[PDB]
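All ligand and atom numbering here is 1-based and tracks the order in the structure. Naming convention: chains lettered A, B, ... in sequence-line order (proteins, then strands); numbering from 1 in each chain. What you see below is based on every heavy atom in this structure, not just the backbone, and it leaves out hydrogens, waters and symmetry mates.
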Protein chains: 2
Amino acid sequence: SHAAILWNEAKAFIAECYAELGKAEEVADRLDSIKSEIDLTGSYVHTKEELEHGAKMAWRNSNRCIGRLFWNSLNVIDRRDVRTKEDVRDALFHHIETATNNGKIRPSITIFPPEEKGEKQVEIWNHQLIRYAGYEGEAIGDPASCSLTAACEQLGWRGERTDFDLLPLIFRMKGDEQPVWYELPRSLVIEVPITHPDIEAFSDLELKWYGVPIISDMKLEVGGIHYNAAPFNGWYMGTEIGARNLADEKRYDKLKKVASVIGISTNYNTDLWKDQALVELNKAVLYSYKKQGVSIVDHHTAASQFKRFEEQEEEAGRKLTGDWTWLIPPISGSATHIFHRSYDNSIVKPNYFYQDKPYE
Amino acid sequence: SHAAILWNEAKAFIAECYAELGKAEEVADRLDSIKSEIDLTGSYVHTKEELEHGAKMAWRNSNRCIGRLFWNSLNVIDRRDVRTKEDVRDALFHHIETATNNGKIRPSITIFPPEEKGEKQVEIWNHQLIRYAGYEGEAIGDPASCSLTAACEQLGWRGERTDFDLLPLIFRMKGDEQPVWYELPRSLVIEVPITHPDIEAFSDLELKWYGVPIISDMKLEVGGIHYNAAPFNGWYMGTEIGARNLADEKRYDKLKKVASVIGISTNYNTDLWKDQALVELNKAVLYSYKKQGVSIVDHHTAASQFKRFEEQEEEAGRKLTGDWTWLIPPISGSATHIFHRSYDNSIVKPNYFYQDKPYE
Ligand code: HEM
Ligand code: HEM
Ligand SMILES: C[C@H](O)[C@H](O)[C@H]1CNc2nc(N)[nH]c(=O)c2N1
Ligand SMILES: C[C@H](O)[C@H](O)[C@H]1CNc2nc(N)[nH]c(=O)c2N1
Ligand SMILES: NC(=[NH2+])NCCC[C@H](N)C(=O)O
Ligand SMILES: NC(=[NH2+])NCCC[C@H](N)C(=O)O
């Protein structure tokens with residue numbers, strides 16, 4: 001049945017793919033070659049073109065992404081040729097460098113070899129290429145990274161135990177029972193120390209965050225083909241860091257410390273200090289990144305841009321899908337157009353899906 | 001089939017009602033009397049007790065209400081005896097007085113006669129007993145009240161055309177083709193002029209809001225019986241006014257004027273002035289109402305209290321239902337526990353439902 005499903009997805013994708021590319025005549029011929037290939041080998045190989053667009057389509061269909069407007073500008077890096085851990089490491093190191101782009105982040109994606117007989121050719125363990133390690137006795141670092149950190153320590157890695165230890169790249173090549181790790185070169189990673197434009201004391205918090213959010217634990221499904229290893233990246237949206245990463249109680253939880261440095265009390269809820277702390281924290285984030293020349297975007301510009309997206313999909317005769325619960329910024333939800341409209345949360349392929357974590 | 005549905009709902013309700021009241025033995029007897037009554041007349045009459053609890057249960061099952069913790073403290077006022085427009089008017093005037101309670105608002109509900117043969121005995125037009133009128137040329141008042149305002153003007157009512165004109169009570173008695181209106185006595189309505197604790201200039205905005213949000217356009221369904229007229233009220237939650245009523249672009253839209261008086265620019269989104277304006281506006285709301293002795297609650301205390309609710313339903317063996325999209329405050333969603341947990345948005349009776357508006 002796996003040989004049946006693949007064919008079906010393949011039919012829909014190729015057709016839809018070529019129609020968008022304006023190559024409807026080449027659909028019959030290609031589908032025939034694909035049919036033979038699924039018999040001959042048991043699967044098929046996308047063309048640099050198909051795969052590139054397949055990855056862009058997958059972005060456009062990512063219900064939870066608010067930055068979908070730049071879907072067609074995605075820079076696809078095809079690394080389906082990698083055979084060794086050295087090839088993967090270099091590939092990954094390159095993704096970070098090319099994406100980072102000295103601050104002018106480039107929404108990129110490295111396409112690693114897909115699953116063969118349901119077996120993985122490359123298996124990336126990291127949630128994000130760049131991510132901070134988390135530990136416990138009392139909370140040190142990113143709690144969200146507890147599980148993986150221990151998995152890395154079980155393989156010989158050891159962190160200096162600071163709140164911002166950079167986890168190493170960790171993956172497993174087909175044929176190997178365990179994965180291998182590689183420490184990240186400090187010169188490749190851009191970090192941004194957080195400061196405030198009007199409050200000079202904000203630096204006493206000694207906060208900071210990496211510049212590029214490269215999600216590496218998701219499977220890109222493009223027409224029956226499963227690319228479990230396909231790291232992608234956009235640029236950050238202020239709130240992701242100021243509201244979730246740093247303010248969540250289960251994350252860095254700096255709201256109280258922040259409220260303290262802004263000279264406000266934490267006595268009563270009715271003073272809405274948490275809210276005030278959140279705003280000030282997010283002004284700091286947007287200002288820091290910008291001062292350093294690293295790309296970031298605020299939730300309003302992001303909502304504004306997403307609205308343009310909604311209009312362009314319409315103008316192209318494409319139904320729009322989205323997850324309301326994930327699309328509204330965790331800060332001032334009702335101040336954006338997204339809060340006042342409903343969305344169709346339906347799955348459409350190609351897309352990006354979660355997958356069972358190797359550790360844990 | 002209407003005589004069949006009624007019986008079925010009735011069975012489930014009585015059982016579930018008496019089990020909660022600890023009167024399981026009286027279920028058989030009551031159900032028999034109810035059966036005869038549905039044959040004899042075509043429907044049945046709840047006891048003061050049944051109806052009271054039925055209305056409290058309906059609150060507990062209101063997926064969108066964050067203040068469900070005080071569900072069992074609801075003050076039910078049974079006015080199923082009203083026969084005239086004078087009886088309704090007085091009933092309504094009383095609900096406002098008893099609910100208002102000089103600022104110490106009382107979560108109340110007036111139970112008006114239910115629908116007979118699907119026909120309404122009393123039909124309230126107002127969205128809320130107390131609500132501001134809205135007009136157009138340029139926006140004057142509450143835009144959300146445009147439709148109803150015109151409906152009132154078509155019946156002889158005329159507003160002074162200020163941003164806060166109090167709409168009259170408007171309803172229709174069975175037998176009458178058109179509804180009748182009654183102006184609200186200024187002494188009955190409590191209003192709260194908005195001011196800021198640290199910013200003395202906030203009063204130049206000349207903002208204000210009524211004290212009690214009495215929702216009057218919803219049908220209370222309790223065991224097959226439809227009470228289309230059953231005005232209910234709780235107390236406000238700061239955000240309802242500061243974030244939605246006053247800040248929504250489609251409502252009063254005062255964010256820019258607010259940002260102006262707090263001495264901040266509206267030049268760039270990256271300064272997050274909207275967010276800052278929202279917070280300051282909500283601090284003003286909570287502070288105003290409190291300074292005047294009128295009950296209100298902030299979104300944190302509200303989330304905190306709702307969490308206690310979640311635990312008590314559990315401790316009582318009752319499945320919890322809720323609408324995530326409506327439960328999270330439009331201000332700092334991710335700072336409350338509600339943002340980090342999912343809810344089962346399933347309909348459970350008794351409950352409150354929307355109904356087609358008479359005007360429009
Ligand atoms: C160009 C910049 C982009 C911006 C402003 C942006 C922003 C966002 C934000 C705000 C989220 C929510 C993340 C969270 O709450 O954890 C999100 C999720 C997501 N984005 Fe984007 N994104 C961008 C680029 C990308 C790229 C390049 C891809 C794919 C090629 C993409 C794929 C996705 C997917 C599938 C999710 C869901 C992630 C998850 O559920 O964990 N985004 N996006
Ligand atoms: C004791 C104070 C209460 C608080 C803090 C409270 C708060 C809330 C809030 C914040 C909303 C959202 C309203 C909106 O966004 O438009 C809501 C909705 C609702 N509440 Fe409550 N409430 C209270 C009392 C009540 C009472 C007394 C009842 C019924 C007896 C109730 C029934 C409902 C219903 C059905 C809705 C949905 C309204 C709609 O969808 O338009 N609430 N509640
Ligand atoms: C599942 C999780 O606890 C929560 O419900 C959601 C909702 N909204 C979100 N929205 C975004 N953008 N990102 C998130 O992590 C979440 N988490
Ligand atoms: C239907 C409406 O436009 C919007 O989607 C919702 C969502 N969340 C809400 N939440 C609350 N509490 N109240 C509301 O009016 C709404 N409106
Ligand atoms: N802008 C993006 N592409 N975001 C992807 C998710 C990043 C994730 N929220 C983080 O905080 O690291
Ligand atoms: N606390 C309540 N019971 N709210 C009911 C809804 C009130 C409505 N949101 C208003 O702004 O008038």
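When all heavy atoms are compared, the tightest approach of B:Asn245 to B:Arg251 is OD1-NH1, 2.8 Å. Listed here is the closest heavy atom pair of B:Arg79 and B:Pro113: O-CD, 3.7 Å.
Among residues two or more places apart in sequence or in another chain, the side chain to side chain contact (heavy atoms under 4.5 Å, CB included) test is passed with B:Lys307 by B:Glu310, B:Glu311, B:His337. Residues passing the side chain to side chain contact (heavy atoms under 4.5 Å, CB included) test with B:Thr325 are A:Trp324, A:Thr325, B:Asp323, sequence neighbours excluded.
Salt-bridge check for B:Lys56 with B:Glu52: passed, with a basic side-chain N closer than 4.0 Å to an acidic carboxylate O.
The shortest separation from a heavy atom of B:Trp235 to ligand 2 is under 4.0 Å, placing the residue in contact. Ligand 2 lies within reach of B:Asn233, whose nearest heavy atom is under 4.0 Å from it.
In terms of modelled atom types and a separation under 3.5 Å, the side chain of A:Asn233 and the main chain of A:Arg106 share a donor-acceptor contact.
Residue contact check: B:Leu74 has heavy atoms under 4.0 Å from atoms 27 (C), 30 (C) of ligand 2. Listed by number with element, the atoms of ligand 2 under 4.0 Å from a non-hydrogen atom of B:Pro107 are 1 (C). Listed by number with element, the atoms of ligand 2 under 4.0 Å from a non-hydrogen atom of B:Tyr352 are 29 (C), 30 (C), 35 (C).
Residue B:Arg341 has no N or O atom closer than 3.5 Å to an N or O atom of ligand 3.
Ranking protein heavy atoms by distance to atom 8 (N) of ligand 3, first place goes to A:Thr325 O, 2.8 Å. Protein heavy atom at the shortest distance from atom 4 (C) of ligand 3 is B:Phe339 O, 3.5 Å. Summary of contacts: the protein heavy atom closest to atom 3 (O) of ligand 3 is B:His340 O, 3.6 Å.
Of all the listed residues (A:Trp324, B:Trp324, A:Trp326, B:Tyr343), A:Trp326 holds the heavy atom that lies closest to atom 10 (N) of ligand 3. Evaluated by nearest non-hydrogen atom to atom 32 (C) of ligand 2, the leading choice among B:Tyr236, B:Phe232, B:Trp71, B:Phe353 is B:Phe232.
Distances from atom 21 (Fe) of ligand 2 under 2.8 Å pick out these protein N/O/S atoms: B:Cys65 SG.
Distance check for atom 16 (C) of ligand 3: a protein heavy atom is found below 4.0 Å. Protein heavy atoms are absent from the space less than 4.0 angstrom from atom 36 (C) of ligand 2.
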Taking a 3.5 Å cut-off between nitrogen or oxygen atoms, can you list every pair linking ligand 5 to the protein, with distances?
| residue | atom | partner | partner atom | Å |
| --- | --- | --- | --- | --- |
| ligand 5 | 1 (N) | A:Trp235 | O | 2.6 |
| ligand 5 | 1 (N) | A:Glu240 | OE2 | 3.2 |
| ligand 5 | 4 (N) | A:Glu240 | OE1 | 3.0 |
| ligand 5 | 9 (N) | A:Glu240 | OE1 | 2.9 |
| ligand 5 | 11 (O) | A:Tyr236 | OH | 3.4 |
| ligand 5 | 11 (O) | A:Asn245 | OD1 | 3.3 |
| ligand 5 | 11 (O) | A:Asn245 | ND2 | 2.8 |
| ligand 5 | 12 (O) | A:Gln128 | OE1 | 2.9 |
| ligand 5 | 12 (O) | A:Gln128 | NE2 | 2.7 |
| ligand 5 | 12 (O) | A:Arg131 | NH1 | 3.2 |
| ligand 5 | 12 (O) | A:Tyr210 | OH | 2.9 |
| ligand 5 | 12 (O) | A:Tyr236 | OH | 2.7 |

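Under 4.0 Å from ligand 2, not a single heavy atom of B:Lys56 appears. Under 4.0 angstrom from ligand 3, the non-hydrogen atoms of A:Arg244 all belong to its side chain.
In this structure, a donor-acceptor pair under 3.5 Å is absent between the side chains of A:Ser216 and A:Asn126. Under 3.5 Å, the side chains of B:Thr270 and A:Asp298 contain no donor-acceptor pair of N or O atoms.
Of the residues listed (A:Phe306, A:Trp235, A:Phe309), the one engaging A:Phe70 in a ring pair (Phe, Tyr, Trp, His ring centres under 6.0 Å) is A:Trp235, and it is the only one.
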